Every structure is written in structure tokens, then in C-alpha cells.
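A closer look at the structure
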Amino acid sequence: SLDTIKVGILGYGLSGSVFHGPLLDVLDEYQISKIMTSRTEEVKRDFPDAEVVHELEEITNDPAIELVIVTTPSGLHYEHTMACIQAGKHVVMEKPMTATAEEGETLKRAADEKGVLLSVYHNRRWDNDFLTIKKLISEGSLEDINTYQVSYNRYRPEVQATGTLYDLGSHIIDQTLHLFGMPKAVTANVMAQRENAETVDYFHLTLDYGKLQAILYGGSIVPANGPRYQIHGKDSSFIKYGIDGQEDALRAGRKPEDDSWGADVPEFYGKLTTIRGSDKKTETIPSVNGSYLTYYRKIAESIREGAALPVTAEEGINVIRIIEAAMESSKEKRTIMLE
Amino acid sequence: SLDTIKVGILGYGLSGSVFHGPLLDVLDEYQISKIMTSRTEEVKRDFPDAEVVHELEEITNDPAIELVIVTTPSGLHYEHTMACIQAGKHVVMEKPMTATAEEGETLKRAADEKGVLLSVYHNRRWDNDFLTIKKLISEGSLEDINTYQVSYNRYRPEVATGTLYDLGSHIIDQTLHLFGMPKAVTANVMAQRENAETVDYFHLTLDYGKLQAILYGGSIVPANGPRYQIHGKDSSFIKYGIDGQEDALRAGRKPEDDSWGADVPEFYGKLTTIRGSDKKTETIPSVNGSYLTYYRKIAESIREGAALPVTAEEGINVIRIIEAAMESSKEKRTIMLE
């Protein structure tokens, strides 16, 4: 194929080698050409045909390179992204996009100025549970949602853009923005519960959409999780436990190769309750398979065909906007309204 | 028995006739003597030996009456309560105690000056689920609770009033009973329903520092999540369902045997405990709910000088939490408690 998109991957830690590499590897739309890393042997074993490089320029000055994936650590990655944009490369950034909305806008304007595609890897829009929710919404089984409550907890009692609101909160904020647009206000408590904690490990956010209230919360001393989603509309409620299995499959060295990729466990299928007049019906909904590949098939369609991006820089920046307003709400102890 | 506590009941609507009358009726420590209502025929069927009266003074100026249950509507009940206190009567008030904490303080002060017992019927302290939670805590099975989330929802899509006073007061009282007063309250209190003129949704955060207590409920909720999600250093308790006693009372049943207030097995809660790497979940059979316990204690207070099952001060604190929440919702900011 003359038309493979030539990819350079920045960094080959966990994101590069586990979350991106294996997905890019199964899509013939793509060719992994270069990877910036000192893990020379790992790359030789994972991608025999890739070239290892140790300088950013070896990617930014290479005219054959069309798309750069930025997985370098939170600090140095703004620099790297700008450098890629300056060199006329399309760029996929990890979440959370940046620490501040202002940094994010700067990248967006530089990309627009330069005619390049800038996206943010908010791949939890292709988690099984979330896909299931979008399917229920589109089929009219979850009308006029009035309450949307999402929890994202862990049990990590020992302390091992920092903290869990950036790292985990960003995913469920993106989902919320995706579903309902921007809220008119944010009220939040953002803290460190754990004994010697440096960074945020607890958040509770309320996104004010008037009649609709979106509540997003997460703790780090939570032996057992309640439901991940509790969603209430005029006629029905969707309540579901569990988390998407794709990241664990990827950590176990598995690749997407058949239709059973991203399947949910039957015990974790959501329950939809519907009330028509006097009758109350409860149904177990088999989850739509999770499909992280979809983000990359769409990126390929933006690059080659000019189709709209699967996640846009603006949507990425909006997540950061909610995160900063939450921090500000927590610090000032008041509701932060948004224009 | 020469020693029955002689009861006067004010009002014979739902509270009087369904939630108090039938409990007092099975306890031989009490005699229902007088009921102030216009429902004369109804009292005649239910309590053939009670006297019906039509003015308050027929109860307050009767030297034999020792205890008065105030079930008259929220508005006229501050007035009613004060007269009972002024006449030297012990009083049980329905929840919520009063619209404002200031009103509750006045009632308490007059009770203390007059030397009578003043209590509030926060009977949810004896719901099956909450008794089970309390038992877990006392056995050391929920140590160092860091998160306590309680939901109190209903599906009423068609329209001291509103659900914060009516429902939220129950789960607030439980929270205060477990943990004391928090440092701050942050709340949103509104009407979500299209034609609502009164509160029908609340979401409160009580700030205890590391511990966060979240109390909420809406009125357009087809299926509830857990009523309780409680997380501590080693363990979590998650539980669905509501205590069945009030429904039994509505259907006309009375406490008669050991089966009263039993929870349904499918709504038993789950305790998850983590021991280093070993995580285990155990189903916890619920302790039976026991509203009678409230009234047995009241009788021990009156006859033996025991401490009240719910004090006026506790009742007032519930109201202080409610006012701080309304104020937080209006000012769109966190309200610090004094």
C-alpha cells in the first residue's frame, strides 16, 4: 500500500508500547516508521521494521513522517507537541491535554495557523459501557436525562498535571461534555484524603446544566465500588457496574483480532429500568463491545479524506477548562460559573 | 397498671393514626387517653376508650396527661408545642422539628426552664439498614470511614415544605448521629419537576475534613442506586433498599412477633473487606428495624430519668444543617458552621 500513514511515536513506556503501538499495529492504514526511545531492544522485538531514534529532530525533520503520537511525560510534552506542529506534522496527544486551558489554546492556534490536525486521545468515548449508553440514548430508551452520576474509584491506600482529577477525572468529564455540551457552572471539592498524600486523590464535581445535574466523583480509599454509572431520565434509569476490559487485554499482550475484542463480562451488563404508567420493567442490557480502534480508523479518515476529527483540540481544551474551574471551586469554596 | 404513661395525641391524620397510634397501642407502658381531632367516629373505631377532644386546653389543662404527641401540621405545631411545654407536659414532636433553628432553640429553652422532656421523632435511627450499619461499626468492621454516601430518591414525576425537610432530615439525622457536626455544608437544593413550586431535589456535602458525607435525593428517579455506600480504611458497605416498617403500618399491620421490621434477603447489604492482598465480600443479614424502641426509651426517660432517645439539641442540629444547605444553595457557596 502506497497510502499507509507514516507514524512516528514519541516515547515507548506504558502508553507507547501497550496503549498505542499494539492498536496501530493491527490497522493496515498505518505504518509505524520511527519511535523516539532508548528501549532499542524492545522495539526490535515488538516492531522489527521500525527505526529507533533518540532525537526529536529525527522525527520532526523527516519529511516522510505524517503523524506523531506524543506519549512523552506530562512536563516535556507541550514542547514536543509544539515542535511537531512547527514541523508541519499531524499530532495525537495523550489525555489530559495540558495543565492549563491557555496552554491548550496556544497549541490549537499554532495547529490552525499551520494547517495541521491536532487531536487528544480521549479514547474512553469507545469504552464498552459508554458505547452502550450512547446506543440507549440514540434508540430513545434514555430520554430527558435529569441526573447523570459517574464514579471512578480505586483502592490504593498507600501513597506510591498530577493527581486523580487530571488522570481519571478527565475521562469521565470528556464523556459528560460529549453527551451534553458545556455546563453553566462547576461546584467541586478536590483533595488528598490519604495519610501522607502529595497530590489530589479525591474529587467530587457537580456540573450544573439547570434541570440536569451531572455528578462526577472518585476516591482512592474505596475497597468496593458502587455503580460506575447511574443515569435517570423521565421514564427510565440505567445503572451499571464495572470498567472496560481493553486496557487489561492490552497489558496482557493481547491484540484486537476478532469480534470478541472489548466484550463486557455478563455479570457486569447494565440494568435498564423503564416505567410506563403503572408498570415497571427491568432489563439486563448486553454491552456494545469496546472499540478503541475506532479512534484510529477515524484519525486515518481525517488525514486522508479530510473527515472531521474523532476528538478535537477544542473538546480537549474544554476538559481542561472544567478541571481548572473545579480546582478553583475547591480553592475558593464556591460555585464557579462559566461563560 | 397504675403506672401507664397517659398520652394525649394532637392530630389524627396519617401521622397520628398510622405512624404513632398503632405503635403506642402495642406498648402497655402507655395509655392513649385523649386525641385532639375532628375525626370523632374514626377514633371511636380505632381507640374505643380514648376521649376525643376539640381544643388544645382539653389536653393541656388536664392534670392526668403526662405525654403529648404533636402531629399537627408543620405550621401550627410550634404554637402547639409551646402550650404543652408551658402547661408542664412532656412532648414528642414529629420531624422536621421546626422551620428554623432559632424556633427550636426557643422550644428547648422553655422545656429546660419548665423541667420537662422534649424529644423529636427521628425514628429512622431504628430502620433496619441503619441498625445494621451501626452494628458493623460497633464490631470494628467499618473503621475510619472516609466516605459516607446516602441517597433518598423517589419516582414522582407528576407534582418547612419540600423533600429536604421531609426526607433529607432523616438521612441528615443519621449522619449527625454517626459523626457529629461537620465543619461546613455545600449544597444544591432545587425543583427539577416541570411545575414544582417546592423543593424536590437536594444534594448536600457535609465537610468533616478527610471524611466526606454526601446526602442526596431526586424525585424523577425510576431505579435507585444503593441507598448506602460507605468506605473506610479496609472495608466498604453497599446496600440497596428501604426499611419496610412504614409500609406495614400503612397496610394496617402492628408489631406482634420477631418478624417485624425484617429486611428482604435480596436487599441485604454487602461488606467488602481487604486484608493485604485478600479481598472478600460477605452478605450481612440486616438487623430488624424497631420503631418501638423509640417509645420504650421515651417511657424509660419519663419513668426512670434515663437519657432521651433523641434530644431537642440533636433535632435542632438537623435544622441547622437544613438552613445551611438552603443558604449554600442560594449563595452558590460553601457555608461554614459556627
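The rules we used
Residues numbered from 1 in each chain as written, not as in the entry; some residues may be left out. Chains lettered and ligands numbered in written order. Heavy atoms only, no water. Residues with missing side-chain atoms left out of burial classes, pairs and counts. Helix = DSSP H or I, 4+ residues; strand = E, 2+ residues; numbered from the N terminus. Rg over C-alpha atoms; globule rule 2.2 N^0.38 Å. Salt bridge = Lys/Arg side-chain N within 4 Å of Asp/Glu carboxyl O. Pairing = 2+ DSSP bridges. Axes fitted to C-alpha atoms, helices over the stretch in contact; angles between N-to-C directions. Domains from an automatic or database assignment. Contact = heavy atoms within 4.5 Å. Buried area = accessible area lost by both parts, 1.4 Å probe.

1. Looking at the overall build of chain A
- A count of helical and extended segments in chain A gives 10 helices and 15 strands.
- The C-alpha radius of gyration computed for chain A amounts to 21 Å, which stays within 12% of the reference 20 Å derived for 339 residues, consistent with globular compactness.
- C-alpha atoms of chain A, sized along the principal axes, occupy 65 × 45 × 40 Å.

2. Some thoughts on the pattern of salt bridges
Residue and element names in this part refer to chain B.
- The final tally for this structure, using the stated rule, is 37 salt bridges over all chains.
- For the salt bridge of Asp 144 with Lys 210, the shortest nitrogen-to-oxygen distance reads 3.5 Å.
- Overlapping salt bridges bring together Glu 105, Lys 108, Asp 112, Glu 313 and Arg 320 as one network.

3. Remarks on the sheet that holds strand β5 (residues 90-94) of chain B
All names here are of chain B.
- The strand order across the open sheet formed by six strands is β3-β2-β1-β4-β5-β6, and the pairing between neighbours is parallel. Every other strand in the sheet has two partners, leaving β3 (51-53) and β6 (118-121) as the edge strands with one partner each. Here the average twist between neighbouring strands, direction ignored, is 25°.
- With three bridges connecting them, strand β2 (residues 30-36) and β3 associate as parallel partners.

4. Section: the domain arrangement of chain B
Residues and elements named next belong to chain B.
- Under the domain assignment used here, chain B contains domain 1 (3-122 + 291-307) and domain 2 (123-290 + 308-338).
- Computed over C-alpha atoms only, the centres of domain 1 and domain 2 are separated by 26 Å.
- Contacts between domain 1 and domain 2 engage 33 residues on the former and 32 residues on the latter.
- Approximately 3100 Å² of surface area, both sides summed, lies buried where domain 1 meets domain 2, with 64% of it carried by carbon and sulfur atoms.
- At the surface where domain 1 touches domain 2, the tally comes to four salt bridges.

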